[PDB]
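To start, the structure under review is shown below, and the notes come after it.
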Amino acid sequence: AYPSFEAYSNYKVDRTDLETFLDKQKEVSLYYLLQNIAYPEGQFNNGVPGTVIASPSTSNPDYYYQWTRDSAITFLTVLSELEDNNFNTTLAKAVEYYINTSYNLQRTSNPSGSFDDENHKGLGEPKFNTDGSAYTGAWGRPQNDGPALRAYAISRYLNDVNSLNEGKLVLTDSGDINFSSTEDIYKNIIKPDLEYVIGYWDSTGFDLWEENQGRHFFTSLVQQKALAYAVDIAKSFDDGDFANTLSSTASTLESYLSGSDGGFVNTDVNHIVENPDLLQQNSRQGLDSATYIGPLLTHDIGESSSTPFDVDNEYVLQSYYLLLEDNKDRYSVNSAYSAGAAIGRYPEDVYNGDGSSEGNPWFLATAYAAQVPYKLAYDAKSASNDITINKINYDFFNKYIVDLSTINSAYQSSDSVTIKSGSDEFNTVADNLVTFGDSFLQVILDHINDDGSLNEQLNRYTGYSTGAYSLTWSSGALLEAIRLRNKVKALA
């Protein structure tokens, strides 16, 4: 049940037309995303401002908590909206309430630890109650992605304040707020999260799905990004020694991500192994949608991203392809989809949305799966960069995008194919990438609730929605897919 949910009034998804559906969901999914964020001007005006609930579901399942990860990812979407809409002050205030609530959560002792522990050990805590109190029950803690994603989101807000709002914060004269300046936000909210990452990146915690302990590609990747992105922020506040610490730690994490100890790049199976300890345990073979979700989160389409493992990485793209192929066989709902399809978390998943039996595809994974080819196309066309296809990825391109033999008939004798910007085949590949991305959004159109809200899951047999209702992360993932689709389609 989800008693505080308020449907977008008198809307029923029109199943017949993707273009109009996406245009409407640009608004409807934003309505549903914002509904789960507490701010005085929002529908959620009775919560502590800055609280993001994962879902209005309070039972079957109970997702009525604030997760550090989900809140940060939600705010990455709010920031995109802010950036695309003239630094809208309602959204900016919502961000500053989130920053303030984050300050308070950081200083809340919890079962992972406290702020006064070494490198703020308490910041690894996955979730809190919506009133701001610690969640004291057993849980898969810590999760070391949260502080990284939060540091990155709040760092991005500071950059936006400087570039789009002449360095001006919007809640500086409010009573409830624990900063008076951008420097205060850096020193007291961003920096502690960065210190946590510095202190704990090379330690054991749970993954983003809250289920397994050990090495995780997604976690290490978002940590590397937070460190790298903060270098220039630290420099701007005369924190130069720390900035150089961030830069060196970021480089070291990049080496870790690519090396043997990390275990993520696997040349026996030629894809990322998301959780290498589970490969060792022979409980999972390494395919996970987190492998491509991370890259999408850490390479924003307005940024210059100089961080590793974008979606063009051959191992990431092969994990994507192989999960797609797995899921097209695994889920009967996919039996008639010839291109994109409903995608889950990992092939071994047994979580059914409210218990354990067999796993389902997820709306967020399916929306991020649209983004992968949109971003390949966008990155190439927007920068006039060549599309280089490694031999590892030939099967993927041949099956879904273009027949490589029509570009270079001898491609099988080469380690790669390089498709030159401006050529007919480049334009065809970019167009076909976008059409392929669209096919994943068509899956969402086929199976979304009539009211335009996105659950966590869709049933593997029928595609009917199931699990947590109007999941904020689902809403964000679709909104970011639409934003990217529109950006790539708008290029001449």
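One is the number of the first residue shown, and numbering goes on along the chain from there.
Just so it is clear, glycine is given a Cβ too, placed from its N, Cα and C backbone atoms.
Per Swiss-Prot, the features are as follows:
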- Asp207: active site, proton acceptor (ACT_SITE)
- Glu210: active site, proton donor (ACT_SITE)
- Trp139: substrate binding site (BINDING)
- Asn88: N-linked glycosylation site (CARBOHYD)
- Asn100: N-linked glycosylation site (CARBOHYD)
- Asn178: N-linked glycosylation site (CARBOHYD)
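Mapped onto this structure are the features recorded in Swiss-Prot.
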residue	record	DSSP class
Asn88	N-linked glycosylation site	coil
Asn100	N-linked glycosylation site	helix
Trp139	substrate binding site	coil
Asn178	N-linked glycosylation site	coil
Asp207	active site, proton acceptor	coil
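The active-site residues under consideration are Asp207, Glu210. Their Cβ neighbour counts within 10 Å are lowest for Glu210. Of all the recorded positions given, namely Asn88, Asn100, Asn178, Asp207, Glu210, those whose Cα is no farther than the 10 Å limit from the Cα of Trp139 (substrate binding site) are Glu210.
Long-range Cβ neighbours of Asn178 (N-linked glycosylation site) (same chain, at least 6 residues apart, Cβ-Cβ under 8 Å): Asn100, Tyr103, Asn104, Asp184, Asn188. Under 8 Å, Cβ to Cβ, and six or more positions away along its own chain, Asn88 (N-linked glycosylation site) finds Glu81, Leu82. Least packed by the Cβ count within 10 Å, out of the recorded positions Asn100, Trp139, is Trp139.
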